[PDB]
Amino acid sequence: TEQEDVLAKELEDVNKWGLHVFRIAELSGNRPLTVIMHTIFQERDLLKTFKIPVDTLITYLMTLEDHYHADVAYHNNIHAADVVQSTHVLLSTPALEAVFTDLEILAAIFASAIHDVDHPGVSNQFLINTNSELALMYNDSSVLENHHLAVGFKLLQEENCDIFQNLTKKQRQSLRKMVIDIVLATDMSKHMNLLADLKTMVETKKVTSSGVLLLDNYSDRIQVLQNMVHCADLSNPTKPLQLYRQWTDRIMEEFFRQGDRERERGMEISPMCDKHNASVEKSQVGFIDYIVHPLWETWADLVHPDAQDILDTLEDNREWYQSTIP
């Protein structure tokens, strides 16, 4: 159909910052994660490199996407597809060419795909403060992020869902640990310590001629992948403004629906979640100034100059949101 023809040409932009991820979401019938991951796996030749049967991959992605809540405005399968594709671009960057093995690449993309699976649309602090089953299970520590990992790995055990079946013993173990360290690092309560170590690595960065980056142990491979997926998760303000604003509308609706769930239980309303005292534009400027821009500036230095366009878009969008404040 012309229906599938357009999705296929929209998917040609899969290597580009600013992929039309919302139209891909509509064209695929609300399967952006499955089609974007399939494309990225086709693009990186990962099915052959790891002997993943395509119907096993599709079956897993469909199951994985099924476990993102479609009634959650932001932390849904579109956000996962976006973080997947954003990590996929951040991996093709010139300063990181052939720095990561086929396995580590598989870790970064897989972690991005599962990094928010089964997100209920409420924050860790909410889950802790409501004495939820999730916070009880995980002892208030990275509650969501531990749950995303647990579901993402668990779904591999469903019928014809083990996309890692033809990986070796040690490969499965190394992939498992890397995905764990990556997704656990998406917890915003670790952002400051994560950013400090990224600065420390930047202060002492070592590069070849041409500008490819040198890491040596594992404690530096994983932290770059940690900050990369952390950057991809915090990449909305660096996307074209029309994309950024649709993400802003979605995160605010999800915040507000948490604030209503909070107000109806008579709880303290978390920052950003009260629709009756919100300042969406000022909040985006502060969020950029204090969180997103320090992160992406530090990432830009580490990969100089490959992330300049990304950083440029972020500062354009900051200046714009500031101008919407009268």
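Position 1 is the first residue in the sequence shown; the rest follow in order. Whichever C-alpha set is largest while still superposing within 1.5 Å between the two forms counts as the rigid core.
*Asks:* Looking at C-alpha RMS in 9 other deposited structures of this protein with the core superposed, is it 123-131 or 205-213 that drifts more?
*Replies:* Larger mean C-alpha displacement, comparing 123-131 and 205-213 in 9 other deposited structures of this protein, is found in 205-213.
*Asks:* Output the stretch, either 281-289 or 262-270, that has more C-alpha displacement from this form in 9 other deposited structures of this protein following superposition by the rigid core.
*Replies:* Stretch with the higher C-alpha RMS distance in 9 other deposited structures of this protein: 262-270.
*Asks:* Which has higher Cα B-factors on average according to the PDB entry: 202-210 or 245-253?
*Replies:* According to the entry, 202-210 carries the higher average C-alpha B-factor.
*Asks:* Please compare 83-91 with 136-144 and say which has the higher mean C-alpha temperature factor in the record.
*Replies:* According to the PDB entry, the answer is 83-91.
*Asks:* In terms of recorded Cα temperature factor, pick the maximum from 117, 99, 109, 72.
*Replies:* Top of the list by C-alpha B-factor: 99.
*Asks:* Which is it among 32, 286, 271, 294: the one with the largest CA B-factor in the entry?
*Replies:* Spelled out: the listed residue with the top C-alpha B-factor is 271.
*Asks:* Based on the entry's values, in what third of the chain does the Cα temperature factor of residue 215 lie: lowest, middle or highest?
*Replies:* Its C-alpha B-factor, which the entry lists for residue 215, ranks in the highest third among residues of this chain.
*Asks:* Among the modelled residues of this chain, does the Cα B factor of residue 170 put it in the lowest, middle or highest third?
*Replies:* Within its chain, residue 170 is a highest-third residue by C-alpha B-factor, going by the deposited values.
*Asks:* Quick check on the deposited entry: does the C-alpha B-factor of residue 51 sit in the lowest, middle or highest third of its chain?
*Replies:* Highest third, going by the recorded CA B-factors of the chain.
*Asks:* Please place residue 309 in the lowest, middle or highest third of its chain according to the CA B-factor in the PDB entry.
*Replies:* As the PDB entry reports it, the C-alpha B-factor of residue 309 lands in the middle third of its chain.
*Asks:* In terms of the CA temperature factor given in the entry, to which third of its chain does residue 161 belong: lowest, middle or highest?
*Replies:* Tercile = highest for this residue's CA B-factor.
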